[PDB]
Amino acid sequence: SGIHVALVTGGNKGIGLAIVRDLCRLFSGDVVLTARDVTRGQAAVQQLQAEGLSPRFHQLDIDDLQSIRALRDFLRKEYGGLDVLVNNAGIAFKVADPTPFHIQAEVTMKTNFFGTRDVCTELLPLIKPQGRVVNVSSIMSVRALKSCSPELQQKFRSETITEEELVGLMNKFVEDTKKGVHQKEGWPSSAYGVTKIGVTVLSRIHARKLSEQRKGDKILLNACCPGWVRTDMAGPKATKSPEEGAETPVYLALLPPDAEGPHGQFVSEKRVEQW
C-alpha cells in the first residue's frame, strides 16, 4: 500500500528530462529526477515546476559508488524500495574529438556499462513486485553486434552468459583498444556501440535472473532505443524531439500490471527487435 516511486538517471536534460516529465503525468506515485550536477538537477526540477509538475530531486552520479549508495539508502528509508528505474544516463564522444581512442573507449565504457551496472547492483534489489526497469541502450548496439566476430556474436547472443563473463568482455574491449588490437581480436570499430552491446546484454542477463530468482513478482525489465533525438548528445539535426524520444522508455516503464511482457527484450518504436 505505500506510495509508489519512479526514478530516472540522467534526468536534468535530453531524453531523461522528457521521461521525467511524462512520468510526472502518467506514473501513479512520486517521480524522482536525479542528476550528477546538483545545480543542473535543481534547475530542471524548477523548470518542471513552472510547467505545473512536482518531481522530487536526488543527486546521482552513476560513476561515483558513494553517490549510488546514498541514493540506495534514501530509497530504502523514504519508500522501502523502488518501483520504476530508468537507466537513461549515458555519454558519447563526438566525431573528431581529439581524445585518444583508447581513452574514449575507457571513459564511455566506464559510464554507459560500468556505471549502469553499479546502479543495478545497488538498486535492483530494491525493486518491488510489479516494478519495471528500463535500460536506455541504442540501436547502435544491434549495429555494432553485426560487426563483431562470429565468436563474440555467439557470446553476446548467449542465453547462458553471466554478468561476470560480460564484465570481463567489456573490460577486454577497452584493454584491447589500448593495445591497438581490438579489431584483430574481433571487436567493432565503434567504442560507443560496444558499450551499448554491454547495456543490451546486461539487460538480457538481468531479465533472466528475474525470471529465475523472482518468479511471481511480475517484474519486467527491458533494453530500448529512443530513436535519433535532438539533444546535446546527438545535436540539432536529429529526427525526434525529446518528447518523441521518451515514448518507448515511458511505455516500458508503465507496462500494465497484467502485461506478460516484453521481458528481456530490445525495444524500439514500442516493437521488439531481434538480437
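C-alpha atoms forming the largest set that superposes within 1.5 Å between two forms make up the rigid core. The first residue of the shown sequence is 1; numbering continues from there.
Trainee: After a core fit, does 89-97 or 102-110 show the bigger CA gap to the shown form in 5 other deposited structures of this protein?
Mentor: After superposing on the rigid core, the more displaced stretch in 5 other deposited structures of this protein is 89-97.
Trainee: Once everything is fitted on the core, do the CA positions of 8-16 or those of 254-262 lie farther from the shown form in 5 other deposited structures of this protein?
Mentor: Most displaced of the pair in 5 other deposited structures of this protein: 254-262.
Trainee: Taking the mean of the C-alpha B-factors per stretch from the entry, tell me the winner out of 49-57 and 202-210.
Mentor: Stretch with the higher mean C-alpha B-factor: 49-57.
Trainee: Which wins on mean Cα temperature factor, 127-135 or 93-101?
Mentor: The stretch with the larger average C-alpha B-factor is 93-101.
Trainee: Return the residue from 222, 239, 248, 231 that has the highest Cα B-factor in the entry.
Mentor: It is 239.
Trainee: Specify which of 176, 83, 106, 159 carries the largest Cα B factor in the deposited PDB entry.
Mentor: Checking the PDB record, the top C-alpha B-factor among 176, 83, 106, 159 is at 159.
Trainee: What third of the chain, by the recorded C-alpha B-factor, contains residue 272?
Mentor: Highest third - that is where residue 272 ends up once the chain's C-alpha B-factors are sorted.
Trainee: Taking the C-alpha B-factors as the PDB entry records them, is residue 40 in the lowest, middle or highest third of its chain?
Mentor: It belongs to the middle third of the chain when residues are ordered by C-alpha B-factor.
Trainee: Sort the modelled residues of this chain by their C-alpha B factor and say whether residue 77 lands in the lowest, middle or highest third.
Mentor: Within its chain, residue 77 is a highest-third residue by C-alpha B-factor, going by the deposited values.
Trainee: Hey, what third does residue 66 fall into on Cα B-factor, ranked over its chain?
Mentor: It belongs to the middle third of the chain when residues are ordered by C-alpha B-factor.
Trainee: Test of reading the entry: by CA B factor among the chain's modelled residues, which third contains residue 171?
Mentor: Residue 171: CA B-factor falls in the middle third of its chain.
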